[PDB]
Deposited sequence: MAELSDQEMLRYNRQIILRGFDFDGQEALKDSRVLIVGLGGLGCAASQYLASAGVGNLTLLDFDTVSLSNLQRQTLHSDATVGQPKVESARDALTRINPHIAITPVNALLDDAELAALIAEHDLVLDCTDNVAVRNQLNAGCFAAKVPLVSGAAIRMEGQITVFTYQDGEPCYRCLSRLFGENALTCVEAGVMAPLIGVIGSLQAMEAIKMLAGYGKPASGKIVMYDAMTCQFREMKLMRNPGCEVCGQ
């Protein structure tokens, strides 16, 4: 906790929100969030987790930047094509906020290693593209009991779900879903609002409609 005079000015528009106040902004600073997948969604969500103020973020991805990715991953650029994504992203992110601590992790951890990593944070963001990983995550998160804000998108369709315990893709869709995630994360971290656990919010871009569907164990 403990905001400086400068943080307190930059974070103002957040601090004055009824129910949030200085307290919320201190929670954010004290948080340690883990983002898995700095691609389409990982890029959208982190840009706002950073600007909002989550003090500590860990980027986890093994891939590198490429041309095609530049149709939607705003954090990356032509000058960074080839470079690994955790690094391209960290650089852009620390430009957005030089106040937070960013740690990049260029790799492909296995179950033993994810598990250790997860237990080290307060919340995880599923920003991946395959059920292999998504399953490890859901597994580790449940074992340590660490909240999971999971999301996905492809073509013109998105989904977002919370756990308290090729095909094309239109650029702005990753933004809708990505910013949804970053919102829910902040909600959990500061105990502000009511989380979207217990359901899946689906977004249909082709028609711009949102549906809510109840989940069952």
Missing stretches, numbered from 1 on the deposited chain sequence and kept in order:
1, 167 to 188, 241 to 249
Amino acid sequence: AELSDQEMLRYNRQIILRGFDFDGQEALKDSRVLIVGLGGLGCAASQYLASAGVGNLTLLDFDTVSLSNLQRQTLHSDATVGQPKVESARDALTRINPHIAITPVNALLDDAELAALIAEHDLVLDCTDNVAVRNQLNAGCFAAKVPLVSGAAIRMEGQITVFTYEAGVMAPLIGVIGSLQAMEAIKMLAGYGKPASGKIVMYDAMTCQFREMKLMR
From here on, numbers count along this sequence of modelled residues.
When mean C-alpha B-factors in the record are compared for 50 to 58 and 166 to 174, the larger belongs to 166 to 174
Using the B-factor values recorded in the entry, state whether the Cα atom of residue 16 falls in the lowest, middle or highest third among the modelled residues of its chain.
lowest
Modelled-residue ranking by C-alpha temperature factor, third containing residue 158
highest
In terms of the chain's CA B-factor thirds, is residue 69 lowest, middle or highest?
middle
Relative C-alpha B-factor of residue 152, binned into the chain's lowest, middle or highest third:
highest
Grab the CA temperature factor for residue 122 from the record and place it in the lowest, middle or highest third of its chain.
lowest
